[PDB]
Each structure stands twice: as C-alpha cells, then as structure tokens.
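Novice: File work14.tsv follows (TSV, N, CA and C atoms and all ligand atoms):
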```
chain	number	residue	atom	x	y	z
A	51	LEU	N	0.82	-1.21	0.00
A	51	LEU	CA	0.00	0.00	0.00
A	51	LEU	C	0.86	1.26	0.00
A	52	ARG	N	2.05	1.19	0.60
A	52	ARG	CA	2.99	2.30	0.54
A	52	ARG	C	3.70	2.35	-0.80
A	53	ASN	N	4.02	1.19	-1.37
A	53	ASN	CA	4.72	1.16	-2.65
A	53	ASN	C	3.81	1.44	-3.85
A	54	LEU	N	2.49	1.33	-3.68
A	54	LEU	CA	1.57	1.57	-4.79
A	54	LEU	C	1.38	3.06	-5.08
A	55	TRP	N	1.72	3.93	-4.13
A	55	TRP	CA	1.50	5.36	-4.29
A	55	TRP	C	2.73	6.12	-4.76
A	56	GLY	N	3.94	5.64	-4.43
A	56	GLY	CA	5.16	6.37	-4.70
A	56	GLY	C	5.54	6.49	-6.16
A	57	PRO	N	5.95	5.38	-6.78
A	57	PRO	CA	6.34	5.45	-8.21
A	57	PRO	C	5.16	5.54	-9.17
A	58	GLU	N	3.96	5.17	-8.74
A	58	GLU	CA	2.78	5.28	-9.59
A	58	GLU	C	2.12	6.64	-9.38
A	59	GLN	N	0.89	6.78	-9.88
A	59	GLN	CA	0.06	7.99	-9.83
A	59	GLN	C	0.80	9.16	-10.51
A	60	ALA	N	0.98	8.99	-11.82
A	60	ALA	CA	1.61	10.02	-12.64
A	60	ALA	C	0.61	11.06	-13.14
A	61	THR	N	-0.61	10.64	-13.45
A	61	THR	CA	-1.66	11.55	-13.91
A	61	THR	C	-2.54	12.00	-12.75
A	62	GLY	N	-1.90	12.64	-11.77
A	62	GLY	CA	-2.62	13.11	-10.60
A	62	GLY	C	-3.20	14.49	-10.78
A	63	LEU	N	-4.48	14.56	-11.12
A	63	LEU	CA	-5.17	15.84	-11.33
A	63	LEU	C	-5.56	16.54	-10.02
A	64	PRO	N	-6.04	15.86	-8.96
A	64	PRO	CA	-6.13	16.56	-7.67
A	64	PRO	C	-4.76	16.76	-7.04
A	65	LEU	N	-4.74	17.61	-6.01
A	65	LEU	CA	-3.52	17.92	-5.29
A	65	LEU	C	-3.49	17.35	-3.87
A	66	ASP	N	-4.64	17.13	-3.25
A	66	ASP	CA	-4.71	16.60	-1.89
A	66	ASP	C	-4.82	15.08	-1.87
A	67	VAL	N	-3.90	14.42	-2.56
A	67	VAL	CA	-3.89	12.96	-2.67
A	67	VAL	C	-2.82	12.43	-1.73
A	68	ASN	N	-3.25	11.84	-0.62
A	68	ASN	CA	-2.35	11.24	0.36
A	68	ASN	C	-2.97	9.94	0.86
A	69	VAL	N	-2.18	8.87	0.87
A	69	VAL	CA	-2.66	7.56	1.28
A	69	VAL	C	-2.32	7.33	2.75
A	70	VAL	N	-3.20	6.60	3.43
A	70	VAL	CA	-3.03	6.23	4.83
A	70	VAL	C	-3.23	4.72	4.92
A	71	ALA	N	-2.15	3.99	5.21
A	71	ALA	CA	-2.20	2.54	5.34
A	71	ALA	C	-2.16	2.17	6.81
A	72	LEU	N	-3.27	1.64	7.32
A	72	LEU	CA	-3.37	1.23	8.71
A	72	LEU	C	-3.80	-0.23	8.78
A	73	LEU	N	-3.49	-0.86	9.91
A	73	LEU	CA	-3.85	-2.25	10.16
A	73	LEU	C	-4.54	-2.35	11.52
A	74	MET	N	-5.84	-2.62	11.51
A	74	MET	CA	-6.59	-2.92	12.73
A	74	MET	C	-6.85	-4.42	12.72
A	75	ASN	N	-6.00	-5.17	13.42
A	75	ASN	CA	-6.05	-6.63	13.35
A	75	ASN	C	-7.27	-7.20	14.06
A	76	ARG	N	-7.83	-6.47	15.03
A	76	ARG	CA	-8.98	-6.93	15.79
A	76	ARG	C	-10.11	-5.92	15.64
A	77	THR	N	-11.31	-6.42	15.34
A	77	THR	CA	-12.36	-5.58	14.77
A	77	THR	C	-13.58	-5.42	15.67
A	78	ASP	N	-13.37	-5.14	16.96
A	78	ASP	CA	-14.48	-4.79	17.83
A	78	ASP	C	-15.09	-3.45	17.40
A	79	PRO	N	-16.42	-3.29	17.49
A	79	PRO	CA	-17.07	-2.13	16.86
A	79	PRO	C	-16.78	-0.80	17.54
A	80	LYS	N	-16.45	-0.81	18.83
A	80	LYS	CA	-16.08	0.41	19.54
A	80	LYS	C	-14.82	1.03	18.95
A	81	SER	N	-13.78	0.21	18.78
A	81	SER	CA	-12.55	0.70	18.17
A	81	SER	C	-12.74	1.01	16.69
A	82	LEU	N	-13.66	0.33	16.00
A	82	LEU	CA	-13.91	0.63	14.59
A	82	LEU	C	-14.57	1.99	14.42
A	83	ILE	N	-15.56	2.31	15.25
A	83	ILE	CA	-16.17	3.64	15.20
A	83	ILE	C	-15.19	4.71	15.68
A	84	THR	N	-14.28	4.34	16.61
A	84	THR	CA	-13.21	5.25	17.01
A	84	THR	C	-12.27	5.56	15.84
A	85	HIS	N	-11.88	4.54	15.07
A	85	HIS	CA	-11.04	4.77	13.90
A	85	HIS	C	-11.77	5.54	12.80
A	86	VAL	N	-13.08	5.34	12.66
A	86	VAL	CA	-13.86	6.12	11.69
A	86	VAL	C	-13.88	7.59	12.07
A	87	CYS	N	-14.16	7.89	13.34
A	87	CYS	CA	-14.15	9.29	13.79
A	87	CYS	C	-12.75	9.88	13.86
A	88	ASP	N	-11.70	9.06	13.90
A	88	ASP	CA	-10.35	9.60	13.86
A	88	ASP	C	-9.88	9.86	12.43
A	89	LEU	N	-10.24	8.98	11.49
A	89	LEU	CA	-9.79	9.16	10.11
A	89	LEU	C	-10.64	10.17	9.35
A	90	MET	N	-11.94	10.27	9.66
A	90	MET	CA	-12.76	11.27	8.99
A	90	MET	C	-12.42	12.68	9.46
A	91	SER	N	-12.08	12.82	10.75
A	91	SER	CA	-11.58	14.09	11.26
A	91	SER	C	-10.10	14.30	10.94
A	92	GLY	N	-9.41	13.28	10.45
A	92	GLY	CA	-8.00	13.40	10.12
A	92	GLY	C	-7.76	14.01	8.75
A	93	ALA	N	-7.93	15.34	8.68
A	93	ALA	CA	-7.70	16.15	7.47
A	93	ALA	C	-8.59	15.71	6.30
A	94	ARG	N	-9.83	15.32	6.63
A	94	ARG	CA	-10.92	15.06	5.68
A	94	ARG	C	-10.57	13.95	4.68
A	95	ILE	N	-10.39	12.74	5.21
A	95	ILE	CA	-10.12	11.58	4.37
A	95	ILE	C	-11.41	11.15	3.68
A	96	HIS	N	-11.36	11.07	2.35
A	96	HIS	CA	-12.51	10.71	1.53
A	96	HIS	C	-12.46	9.27	1.03
A	97	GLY	N	-11.61	8.43	1.62
A	97	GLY	CA	-11.52	7.05	1.20
A	97	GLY	C	-11.46	6.08	2.37
A	98	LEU	N	-12.38	5.12	2.40
A	98	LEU	CA	-12.45	4.13	3.47
A	98	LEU	C	-12.47	2.74	2.84
A	99	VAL	N	-11.34	2.04	2.92
A	99	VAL	CA	-11.21	0.68	2.40
A	99	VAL	C	-11.03	-0.25	3.59
B	100	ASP	N	-34.14	16.46	12.11
B	100	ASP	CA	-34.96	15.84	11.08
B	100	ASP	C	-34.41	14.51	10.60
B	101	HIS	N	-33.64	13.81	11.43
B	101	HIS	CA	-33.08	12.52	11.03
B	101	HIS	C	-34.13	11.42	11.11
B	102	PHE	N	-34.68	11.20	12.31
B	102	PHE	CA	-35.65	10.13	12.62
B	102	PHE	C	-35.09	8.75	12.27
B	103	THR	N	-33.83	8.52	12.60
B	103	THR	CA	-33.14	7.28	12.24
B	103	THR	C	-32.67	6.52	13.48
B	104	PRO	N	-33.29	5.39	13.82
B	104	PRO	CA	-32.66	4.45	14.76
B	104	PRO	C	-31.65	3.52	14.12
B	105	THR	N	-31.35	3.72	12.83
B	105	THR	CA	-30.33	2.92	12.15
B	105	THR	C	-28.91	2.96	12.73
B	106	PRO	N	-28.34	4.07	13.25
B	106	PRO	CA	-26.98	3.95	13.81
B	106	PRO	C	-26.91	3.13	15.08
B	107	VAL	N	-27.95	3.15	15.92
B	107	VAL	CA	-27.97	2.32	17.13
B	107	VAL	C	-28.04	0.84	16.76
B	108	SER	N	-28.96	0.50	15.86
B	108	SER	CA	-29.14	-0.89	15.43
B	108	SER	C	-27.94	-1.40	14.65
B	109	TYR	N	-27.25	-0.52	13.91
B	109	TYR	CA	-26.07	-0.95	13.18
B	109	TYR	C	-24.83	-1.02	14.06
B	110	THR	N	-24.75	-0.17	15.09
B	110	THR	CA	-23.68	-0.27	16.08
B	110	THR	C	-23.79	-1.57	16.87
B	111	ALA	N	-25.01	-1.93	17.27
B	111	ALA	CA	-25.23	-3.23	17.88
B	111	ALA	C	-25.36	-4.35	16.86
B	112	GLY	N	-25.29	-4.04	15.57
B	112	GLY	CA	-25.47	-5.01	14.51
B	112	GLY	C	-24.22	-5.61	13.91
B	113	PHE	N	-23.03	-5.21	14.35
B	113	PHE	CA	-21.83	-5.93	13.92
B	113	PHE	C	-21.74	-7.29	14.59
B	114	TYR	N	-22.27	-7.40	15.81
B	114	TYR	CA	-22.50	-8.70	16.44
B	114	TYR	C	-23.80	-9.34	15.98
B	115	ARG	N	-24.56	-8.65	15.11
B	115	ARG	CA	-25.80	-9.12	14.50
B	115	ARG	C	-26.86	-9.39	15.57
B	116	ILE	N	-27.09	-8.39	16.40
B	116	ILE	CA	-28.01	-8.47	17.53
B	116	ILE	C	-29.31	-7.76	17.15
B	117	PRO	N	-30.47	-8.37	17.39
B	117	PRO	CA	-31.74	-7.70	17.05
B	117	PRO	C	-31.99	-6.49	17.94
B	118	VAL	N	-32.29	-5.36	17.29
B	118	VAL	CA	-32.54	-4.09	17.96
B	118	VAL	C	-33.94	-3.63	17.59
B	119	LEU	N	-34.76	-3.34	18.59
B	119	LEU	CA	-36.15	-2.93	18.38
B	119	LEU	C	-36.19	-1.42	18.21
B	120	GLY	N	-36.31	-0.97	16.96
B	120	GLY	CA	-36.48	0.44	16.68
B	120	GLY	C	-37.94	0.83	16.64
B	121	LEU	N	-38.35	1.75	17.51
B	121	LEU	CA	-39.76	2.06	17.69
B	121	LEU	C	-40.04	3.55	17.47
B	122	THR	N	-39.46	4.12	16.42
B	122	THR	CA	-39.60	5.55	16.14
B	122	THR	C	-40.68	5.84	15.10
B	123	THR	N	-40.58	5.23	13.92
B	123	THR	CA	-41.47	5.53	12.81
B	123	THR	C	-41.90	4.22	12.15
B	124	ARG	N	-42.68	4.35	11.08
B	124	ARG	CA	-43.24	3.22	10.34
B	124	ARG	C	-42.86	3.27	8.87
B	125	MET	N	-41.63	3.68	8.57
B	125	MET	CA	-41.22	3.84	7.18
B	125	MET	C	-40.97	2.49	6.52
B	126	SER	N	-41.20	2.44	5.20
B	126	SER	CA	-41.05	1.20	4.45
B	126	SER	C	-39.60	0.83	4.21
B	127	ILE	N	-38.67	1.79	4.34
B	127	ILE	CA	-37.25	1.51	4.15
B	127	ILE	C	-36.70	0.64	5.28
B	128	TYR	N	-37.39	0.59	6.42
B	128	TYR	CA	-37.06	-0.33	7.50
B	128	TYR	C	-37.65	-1.71	7.29
B	129	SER	N	-38.42	-1.92	6.22
B	129	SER	CA	-39.09	-3.19	5.98
B	129	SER	C	-38.30	-4.12	5.07
B	130	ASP	N	-37.09	-3.74	4.66
B	130	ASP	CA	-36.29	-4.58	3.79
B	130	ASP	C	-35.57	-5.64	4.61
B	131	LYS	N	-35.35	-6.80	3.99
B	131	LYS	CA	-34.67	-7.91	4.65
B	131	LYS	C	-33.16	-7.86	4.50
B	132	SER	N	-32.66	-7.37	3.36
B	132	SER	CA	-31.22	-7.32	3.13
B	132	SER	C	-30.58	-6.05	3.68
B	133	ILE	N	-31.28	-4.92	3.64
B	133	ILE	CA	-30.79	-3.72	4.31
B	133	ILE	C	-30.85	-3.89	5.82
B	134	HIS	N	-31.96	-4.41	6.32
B	134	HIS	CA	-32.17	-4.64	7.75
B	134	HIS	C	-32.24	-6.15	7.97
B	135	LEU	N	-31.10	-6.74	8.33
B	135	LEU	CA	-31.04	-8.19	8.53
B	135	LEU	C	-31.70	-8.59	9.84
B	136	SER	N	-31.17	-8.11	10.96
B	136	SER	CA	-31.66	-8.47	12.28
B	136	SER	C	-32.58	-7.42	12.89
B	137	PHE	N	-32.85	-6.33	12.18
B	137	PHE	CA	-33.69	-5.25	12.69
B	137	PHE	C	-35.15	-5.71	12.63
B	138	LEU	N	-35.60	-6.33	13.71
B	138	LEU	CA	-36.98	-6.80	13.84
B	138	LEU	C	-37.72	-5.85	14.77
B	139	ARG	N	-38.64	-5.08	14.21
B	139	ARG	CA	-39.46	-4.14	14.97
B	139	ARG	C	-40.82	-4.77	15.26
B	140	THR	N	-41.65	-4.04	16.00
B	140	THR	CA	-43.02	-4.44	16.28
B	140	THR	C	-44.04	-3.48	15.68
B	141	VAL	N	-43.63	-2.68	14.70
B	141	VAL	CA	-44.55	-1.75	14.04
B	141	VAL	C	-44.64	-2.08	12.56
B	142	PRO	N	-45.82	-1.97	11.95
B	142	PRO	CA	-45.96	-2.29	10.52
B	142	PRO	C	-45.74	-1.06	9.66
B	143	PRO	N	-45.36	-1.23	8.38
B	143	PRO	CA	-45.18	-0.07	7.50
B	143	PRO	C	-46.49	0.50	6.99
B	144	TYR	N	-46.41	1.48	6.08
B	144	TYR	CA	-47.60	2.11	5.52
B	144	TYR	C	-48.25	1.29	4.42
B	145	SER	N	-47.70	0.13	4.06
B	145	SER	CA	-48.36	-0.75	3.11
B	145	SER	C	-49.60	-1.40	3.72
B	146	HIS	N	-49.62	-1.55	5.05
B	146	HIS	CA	-50.82	-2.01	5.73
B	146	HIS	C	-51.95	-0.98	5.67
B	147	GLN	N	-51.62	0.31	5.52
B	147	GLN	CA	-52.67	1.29	5.24
B	147	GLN	C	-53.25	1.09	3.84
B	148	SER	N	-52.43	0.65	2.88
B	148	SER	CA	-52.96	0.25	1.58
B	148	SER	C	-53.79	-1.02	1.69
A	201	LIG	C1	-1.23	-6.46	12.91
A	201	LIG	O1	-0.62	-7.71	12.55
A	201	LIG	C2	0.59	-7.62	11.79
A	201	LIG	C3	1.09	-9.03	11.47
A	201	LIG	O2	0.13	-9.70	10.65
A	201	LIG	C4	1.64	-6.83	12.56
A	201	LIG	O3	2.82	-6.68	11.76
A	201	LIG	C5	1.09	-5.46	12.93
A	201	LIG	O4	2.05	-4.78	13.75
A	201	LIG	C6	-0.24	-5.57	13.67
A	201	LIG	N1	-0.82	-4.26	13.88
A	201	LIG	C7	-0.57	-3.54	14.97
A	201	LIG	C8	-0.97	-4.16	16.27
A	201	LIG	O5	-0.04	-2.44	14.91
```
Please express what this file holds, its structure, as structure tokens.
Ligand SMILES: *[C@@H]1O[C@H](CO)[C@@H](O)[C@H](O)[C@H]1NC(C)=O
Specialist:
Amino acid sequence: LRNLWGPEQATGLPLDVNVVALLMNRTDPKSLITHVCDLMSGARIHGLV
Amino acid sequence: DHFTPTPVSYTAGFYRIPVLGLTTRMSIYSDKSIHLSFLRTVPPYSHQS
C-alpha cells in the first residue's frame, strides 16, 4: 500500500492525494467507530477501504 | 430531522443483535437485506394500503 503510491500515480489531477495505510487486526465495533471518527476528522479523508 | 434508529441498530449489529427500533413506520425499515436483524413491532404504511 505504501509502494503503490510512490512510483505510480503520474496523472494526478487533484492535489490533496495522500494515502493512509493502517492495520486494525482486531475488529471490535467500539474501536472501529473510534477509527472512523479519527480518520474522517483526520484532514478530511474521503476514502475508506 | 433525522428520525433514524439505524446507527444504534447498526452499532449493535456488527455482532448481528436484534434491535427494536420504535420511532417511525417507514417502508425503508421493511427490507430484509438492508435490515437483517432489525426486527421491529410496528408495521409499515403498506398495511394502510
Ligand atoms: C497487525 O498484525 C501484523 C502481522 O500480521 C503486525 O505486523 C502489525 O504490527 C499488527 N498491527 C498492529 C498491532 O499495529
């Protein structure tokens, strides 16, 4: 996920393109909603995979 | 103007627990695939038809 962004993305028409690769190995819903409210407030991330 | 018990039922719905939403009688709560375990005790407006 880190190597897919560096040498690729040559035709980048937006400017606020930044990838965030995180690993939540355990998926209890309290921590999941915590990560949602942390990433959505984290400089307006528009991608949730 | 939300009138949505959907975040409570979906927060308790990652464990797939039935949540009784008793706010309104909308037909969008009557779907089986959108609302898997959301079993209410109120009928939709199709019973008025
Ligand atoms: C999640 O698991 C991987 C190994 O599969 C580990 O490398 C990583 O540090 C873990 N994430 C955490 C706890 O930061």
Novice: Can you check which parts of chain B lie within 8 Å of chain A? Per residue, the shortest pair of atoms and distance in Å to one decimal, counting only N, CA and C atoms, sorted by chain and number, as a Markdown table.
Specialist:
```
| residue | atom | partner | partner_atom | distance |
| --- | --- | --- | --- | --- |
| B:110 | C | A:79 | CA | 6.7 |
| B:111 | N | A:79 | CA | 8.0 |
| B:113 | CA | A:79 | CA | 6.8 |
| B:114 | N | A:79 | N | 7.3 |
```
Novice: Using only C-alpha atoms, which residues sit within 8 Å of region 61-71 of chain A once same-chain residues fewer than 5 positions away are excluded, as a count of residues only?
Specialist: 3
Novice: Sort by chain and increasing residue number a table of all residues of chain A within 6.5 Å of ligand LIG 201 (chain A), each with its closest pair of atoms and their distance in Å to one decimal, counting only N, CA and C atoms and all ligand atoms, and write it as a tab-separated table.
Specialist:
```
residue	atom	partner	partner_atom	distance
A:73	C	A:LIG201	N1	4.8
A:74	N	A:LIG201	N1	5.8
A:75	CA	A:LIG201	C1	4.8
```
Novice: Do you have the CA of residue 98 (chain A)-atom C of residue 119 (chain B) distance handy?
Specialist: 28.5 Å
Novice: Just the residues within 8 Å of residue 123 (chain B), please, counting all atoms listed in the file, with nothing from its chain fewer than 2 positions along; format it as a list in words.
Specialist: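 After dropping sequence-adjacent residues, the list is residues 102, 103, 104, 120, 121, 125, 126, 141, 142 and 143 of chain B.
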Novice: Suppose you want the space between CA of residue 85 (chain A) and CA of residue 72 (chain A); what is it in Å?
Specialist: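 Separating CA of residue 85 (chain A) from CA of residue 72 (chain A) is a distance of 9.9 Å.
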Novice: When you draw a straight line from atom C of residue 138 (chain B) to atom C of residue 116 (chain B), how long is it in Å?
Specialist: 8.9 Å
Novice: Emit as JSON the padded axis-aligned box for all listed atoms of region 74-82 of chain A, 6 Å per side, with centre and edge lengths in Å to one decimal.
Specialist:
```
{"center_x": -11.5, "center_y": -2.6, "center_z": 15.5, "size_x": 23.2, "size_y": 21.2, "size_z": 20.0}
```
Novice: I'd like the neighbourhood of residue 127 (chain B) as a ChimeraX atom specification, where a residue qualifies if any of its atoms comes within 8 Å (using only N, CA and C atoms), though same-chain residues fewer than 4 positions away should be ignored.
Specialist: /B:131,133-134,143-144
Novice: So which bits of chain B end up alpha helix (DSSP H) when you DSSP the backbone, as a list in words?
Specialist: residues 105, 106, 107, 108, 109 and 110 of chain B
Novice: Quick one: of B:101, B:148, B:106, B:117, who's nearest to residue 135 (chain B), counting all atoms listed in the file?
Specialist: B:117
